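Here the structure comes first, spelled out in structure tokens, and everything after it is commentary.
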Amino acid sequence: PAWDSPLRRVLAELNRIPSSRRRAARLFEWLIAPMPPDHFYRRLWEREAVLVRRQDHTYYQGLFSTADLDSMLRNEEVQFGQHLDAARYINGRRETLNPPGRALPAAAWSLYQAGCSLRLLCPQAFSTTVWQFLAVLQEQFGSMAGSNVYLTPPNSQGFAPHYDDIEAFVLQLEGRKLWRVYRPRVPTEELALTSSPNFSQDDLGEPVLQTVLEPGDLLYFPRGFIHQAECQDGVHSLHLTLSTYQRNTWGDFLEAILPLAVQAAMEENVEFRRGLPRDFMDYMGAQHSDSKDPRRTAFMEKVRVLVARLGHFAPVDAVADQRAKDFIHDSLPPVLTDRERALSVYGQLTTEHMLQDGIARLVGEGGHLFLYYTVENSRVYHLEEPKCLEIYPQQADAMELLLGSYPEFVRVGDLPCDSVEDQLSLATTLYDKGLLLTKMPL
Amino acid sequence: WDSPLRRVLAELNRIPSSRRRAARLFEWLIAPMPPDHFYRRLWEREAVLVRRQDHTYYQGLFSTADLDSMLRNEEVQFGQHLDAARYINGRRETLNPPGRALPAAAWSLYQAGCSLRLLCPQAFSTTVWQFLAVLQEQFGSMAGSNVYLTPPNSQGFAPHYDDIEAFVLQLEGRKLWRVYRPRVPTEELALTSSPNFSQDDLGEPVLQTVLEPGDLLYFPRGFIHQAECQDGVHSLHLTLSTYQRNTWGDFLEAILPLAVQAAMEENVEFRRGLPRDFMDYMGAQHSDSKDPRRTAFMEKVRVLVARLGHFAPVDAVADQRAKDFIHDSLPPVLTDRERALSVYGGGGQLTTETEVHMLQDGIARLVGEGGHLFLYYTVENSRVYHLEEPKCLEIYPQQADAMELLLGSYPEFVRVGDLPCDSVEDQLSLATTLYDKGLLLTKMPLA
Ligand code: NI
Ligand code: NI
């Protein structure tokens, strides 16, 4: 019997699936199993919270353990604040207790002992298993996948009730914790855009979901959904919560669209460049909130039709590209399979495909062309400034093909350039930067 | 001594609404055209020339002498208040010798061919002031002016197009004007001043004339123009300029981010996630894409942008622009009646029995900002653009219903004791603060 924890099983499996994309689907299919991904997104994602009773306390064995924390605190410069917070919720308040500087096992555990909950901002940096997990999942999210690990001692609550500004996937890892989740309390909170203030017990009402998680379980809920948790009994609780979809709304897309749309409208269409009525302020202003004038209301219309006309002028593509750019510079660097590694520079070449599917994007800025890529990003968010390189027009077509036709191999001498000077400097540059894998080791 | 201008100004002084005075002065300025026809058909559309057959028309406004007495009796200074300019053989060349333009240094440059341009004459001329201060009331946007003096057989400026509606009042001498239709759709009602052009680049003048004292030549932004003196006579024209940056676009530029803001706060569809993989079908790279779900994204966009209108704070922006107009506005020119009835001659011991209305119709805006109410006003502005910071005063919610009344019902007199106000201390306080601040007048001389 090849394997022991379905995590280790499925992880090994991904190393045997050749398409980074396909790997990405898979892992998520696993994450919410038995449930279909397709049914989840269509009806549940952003719609409702979700418990997955796994029945398998060993489901996640290998991802992260109390031990792995204990090592980290010993073997790495874990700093209170920057990497680790000590939290308490008692008598209805939260108290944070971060002794300045360095977070040593001694101190950490002595805080844990005093009822504090331990929260590890960024264990993707230190654990390479978590790193992989995220870096695979983020490719099917089209949005940064981040994660924190929470440890709560017996008979204590770490944090107050609140709603985040992200989609949360709680994975129970060890122990048992009593959760209470709530549906958005009012229209304006449904899919909220800002973390909420710390709420008290009167502030809320009756939960839609109230469960005790056990290792292997998964609990998911959309942003705006309030939630609190606690240890009871005598057992510790460990969980990793995965999070994404921060600032990834149509709204936030529109914000960028519109300013450029109006600029365009103004340069290209003259109606946008005409002068306002001269006496418009005789009927427009808070001061005339209530004018009977029937040109108060024509003005109002003209603003709407003109606003509607902007739909036509909006650089929809140009902004999609710019958001991707941000996802790239936002992304955790790729976890390679063994096959990929070996075929790549990480493991010469001649006129006889893409390293992975989600590591690079081509983006025209200022009549130029830049290929932005992930493969030199830290395992800390934005610790690296964005990384690109300049494509010259001659090679644009080729580069576009390479990205559009993964995972299909292409002969270097079938890359639609002008010359064979081009075809070689493109595959050469790409290959060295770790963007490109060969079918036979060079 | 007695010209049409002198006559219309003495007419304005007998017209009690400040809003009628403005209309009437414009009617005078573009006569014999009716303004009604001008603003519907020709404003922003066509160049317009008024052959007036009257040299005396603008007599009073400004003369060459008035420009001398300026130079010698006020610190007029090169760069800042006065520019010399020359166009010869193809190039403009600018020559502002640092320092204080006195007459010696001025006339020399005039003699050497330069055209003199006076940037801020309404500061020193009190007729130009009245002229602009009245006309801005009916343009609803800043009315600026410069005065251009040009010696014979010369040309001061290269051909350009401006970013403003321009009215040219020919005051002395003669000048050959050439006006040219916007050359391409993107230069029609253009957004910024053009680079100086070379006579090779320009098409066929849509209009060409010699202007004589008393004529008026209007033409919209975008329209290319240039002028030259010929014969042996000089030119002296004032150009009145307006409507800078006062477009439906500029209104929208402001609306939008507030509208998107409100839309997200106030409606869940905007707060929803993009989809997980849209950048598989939406990119510059995937410009040409086949995805079908693409043309769905595209529509979602257009349909949400459509929705955003129905979220736009159109009043609140109007109000902000009002507030900027107020700041840009020249300070008002009082009739002798306004002056006699207001804090310019007699002082605040009034009563519930005093009848009162606002001083003029265009000196104040009431604007709600940060849960507060402020009356912004022009009566303390300078006759120099933006020299003073925005002036205003706070209105407490127990007065706002009065204050709105007062502004709405100019020029109807309202007994003080009939002001919607909860108390009689409140009643008197508004009236008094408003009067002493010089925003109010009484029907009867206070003393
Ligand atoms: Ni939370
Ligand atoms: Ni000009």
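Residue numbers (the entry's author numbering), protein chains in the order written: chain B, 179 to 525, 529 to 533, 537 to 626; chain A, 181 to 627. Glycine included, every Cβ here is placed at the ideal spot set by N, Cα and C.
* Are the beta-carbon atoms of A211/B and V314/B separated by less than 7 angstroms? -> For the purposes of this step, residue 211/B is identified with residue 33 of the first sequence, where counting begins at 1. For the purposes of this step, residue 314/B is identified with residue 136 of the first sequence, where counting begins at 1. For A211/B and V314/B, no; Cβs fall outside 7 angstroms.
* To do: Using three-state DSSP, classify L209/A as helix, strand or coil.
  => By 1-based counting over the second sequence, the position of residue 209/A is 29. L209/A: helix per DSSP, three-state reduction.
* In three-state DSSP terms, what is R401/B? -> As a working note, residue 401/B is residue 223 in the first sequence. Reduced to three states, the DSSP call for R401/B is coil.
* Asked: Should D460/A be listed as close to ligand 2, given that the test is whether its C-beta is under 6 angstroms from any heavy atom?
  -> The sequence position of residue 460/A within the second sequence is 280, counting from 1. No, the Cβ of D460/A stays beyond 6 angstroms of every heavy atom of ligand 2.
* Relative to chain B, which residues along the region 298-328 of chain A have a C-beta separation below 8 angstroms, given in chain order? -> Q318, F319, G320 and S321
* Answer yes or no: do residue 526/B and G402/B have a C-beta to C-beta separation smaller than 7 angstroms? => In the model as presented, chain B runs from 525 straight to 529, which leaves residue 526/B without coordinates.
* Is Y576/B near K503/B, with beta carbons less than 7 angstroms apart? -> Here residue 576/B refers to the residue found at position 392 when the first sequence is read from its first residue. Here residue 503/B refers to the residue found at position 325 when the first sequence is read from its first residue. Contact: no.
* Opening and closing residue of the alpha helix (DSSP H) in which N193/B lies -> Residue 193/B sits at position 15 when you count from the first residue of the first sequence. Start and end: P184 to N193.
* Let me know the beta strand (DSSP E) ranges lying completely inside the region 406-433 of chain A, each 3 residues or longer, listed in chain order. => 415-422
* To do: Could I get the ranges of all uninterrupted beta strand (DSSP E) runs contained in the region 243-329 of chain B, with 3 residues as the minimum, in chain order?
  => 263-268, 271-274 and 295-299
* Closer than 7 angstroms: residues whose CB approaches a heavy atom of ligand 1 -> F337/B, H340/B, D342/B, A346/B and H405/B
* **Heavy atom of ligand 4 within 6 angstroms of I195/B beta-carbon** => Ligand 4 is not among the ligands present in this structure, which contains only ligand 1 and ligand 2.
* Asked: Which first and last residues belong to the alpha helix (DSSP H) in which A496/B is found?
  -> As a first step, residue 496/B is located in the first sequence; it is residue number 318 there, counting from the start. Looking at the DSSP string, the run of the alpha helix (DSSP H) that includes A496/B is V494 to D508.
* Contact residues within the region 571-599 of chain A, judged by C-beta distance below 8 angstroms to chain B -> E584 and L587
* Give me the Cα-Cα distance between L397/A and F347/A, rounded to the nearest whole angstrom. => Along the second sequence, one-based indexing puts residue 397/A at 217. Along the second sequence, one-based indexing puts residue 347/A at 167. Between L397/A and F347/A, the C-alpha separation is close to 6 angstroms.
* **Buried or exposed (CB count within 10 angstroms, at least 16 for buried), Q318/B** => Taking the first residue of the first sequence as position 1, residue 318/B is located at position 140. Flag for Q318/B reads buried.
* List the DSSP bridge partners of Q350/A. => Here residue 350/A is taken as the residue at index 170 of the second sequence, counted from 1. Note: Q350/A sits in a beta bridge opposite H417/A.
* Asked: Out of curiosity, what's the CA-to-CA distance linking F458/A and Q302/A?
  -> Here residue 458/A corresponds to residue number 278 of the second sequence, with the count starting at 1. Here residue 302/A corresponds to residue number 122 of the second sequence, with the count starting at 1. So the two alpha carbons sit approximately 59 angstroms from each other.
* Asked: What is the DSSP secondary structure of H566/B, counted as helix, strand or coil?
  -> As a first step, residue 566/B must be located in the first sequence, where it is residue number 382. The answer is coil: DSSP assigns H566/B none of H, G, I, E or B.
* Per-residue burial, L432/B [other beta carbons within 10 Å of its own, 16 or more giving buried] -> Counted from its first residue, the first sequence places residue 432/B at position 254. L432/B should be labelled buried.
* Asked: Under a Cβ-count criterion, where at least 16 other Cβ atoms within 10 Å of its own Cβ denotes burial, should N561/A be classed as buried or exposed?
  -> Here the question's residue 561/A lines up with position 381 in the second sequence. With 16 or more other Cβ atoms within 10 Å, it is buried.
* Asked: Using a Cβ-Cβ distance under 7 angstroms, would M459/A count as near chain B?
  -> Counting from one through the second sequence, the residue named residue 459/A turns up at place 279. Taking Cβ atoms only, chain B reaches closer than 7 angstroms to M459/A, which makes this a yes.
* **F593/B, buried or exposed, once every other Cβ within 10 Å from all chains shown has been counted against 16** => Numbered from 1 along the first sequence, position 409 holds the residue referred to as residue 593/B. Exposed is the call here.
* Asked: Beta carbon of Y267/B, beta carbon of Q335/B: below 7 angstroms?
  -> What you label residue 267/B is simply residue 89 of the first sequence in a count that begins at 1. What you label residue 335/B is simply residue 157 of the first sequence in a count that begins at 1. In contact: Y267/B and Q335/B (Cβ atoms closer than 7 angstroms).
* Contact with chain A by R361/B, beta-carbon distance below 7 angstroms -> Counted from its first residue, the first sequence places residue 361/B at position 183. No, its Cβ sits nowhere closer than 7 angstroms to a Cβ of chain A.
* **Below-7 angstroms beta-carbon distance, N426/B vs any chain A residue** => As a working note, residue 426/B is residue 248 in the first sequence. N426/B counts as touching chain A.
* Does the distance from the C-beta atom of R297/B to that of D263/B stay below 7 angstroms? -> Numbered from its first residue, the first sequence carries residue 297/B at position 119. Numbered from its first residue, the first sequence carries residue 263/B at position 85. Contact: yes.
* To do: Spell out a yes or no on whether the region 185-202 of chain A and the region 539-555 of chain B are touching, meaning 3 or more CB-CB pairs, one atom from each, closer than 8 angstroms.
  => no
* Asked: If you follow the alpha helix (DSSP H) that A544/B is part of, which residue opens it and which one closes it?
  -> Here residue 544/B refers to the residue found at position 360 when the first sequence is read from its first residue. Per DSSP, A544/B belongs to no alpha helix (DSSP H); it is in the beta strand (DSSP E), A544 to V547.
* Below 8 angstroms on the Cβ atoms is my guess for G597/B versus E518/B; work out the distance and round it to an integer in Å. => As a first step, residue 597/B must be located in the first sequence, where it is residue number 413. As a first step, residue 518/B must be located in the first sequence, where it is residue number 340. Not confirmed; about 23 angstroms, so no contact.
* Name the chain A residues whose beta carbon is nearer than 8 angstroms to that of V494/B? -> Position 316 of the first sequence holds residue 494/B. Those are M462, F477, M478 and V481, listed as they occur along chain A.
* Asked: How many whole angstroms separate the CB atoms of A265/B and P277/B, which I take to be in contact at a CB cut-off of 8 angstroms?
  -> Locating residue 265/B in the first sequence gives position 87, where the first residue counts as 1. Locating residue 277/B in the first sequence gives position 99, where the first residue counts as 1. Actually they are not in contact, since the Cβ atoms of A265/B and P277/B sit about 13 angstroms apart, beyond 8 angstroms.
* Asked: Pick from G240/B, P512/B and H466/B: whose alpha carbon is nearest that of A580/A?
  -> Translated into positions along the second sequence, residue 580/A becomes position 400. Among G240/B, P512/B and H466/B, the Cα nearest to that of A580/A is on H466/B.
* Asked: Within the chosen definition, does the region 403-423 of chain A reach the region 350-370 of chain A through at least 3 CB pairs nearer than 8 angstroms?
  -> yes
* **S288/B burial status per 10 Å Cβ neighbour count (16 or more: buried)** => On the first sequence, residue 288/B is found 110 positions in, with the first residue counted as 1. It is exposed - the Cβ of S288/B has fewer than 16 other Cβ atoms within 10 Å.
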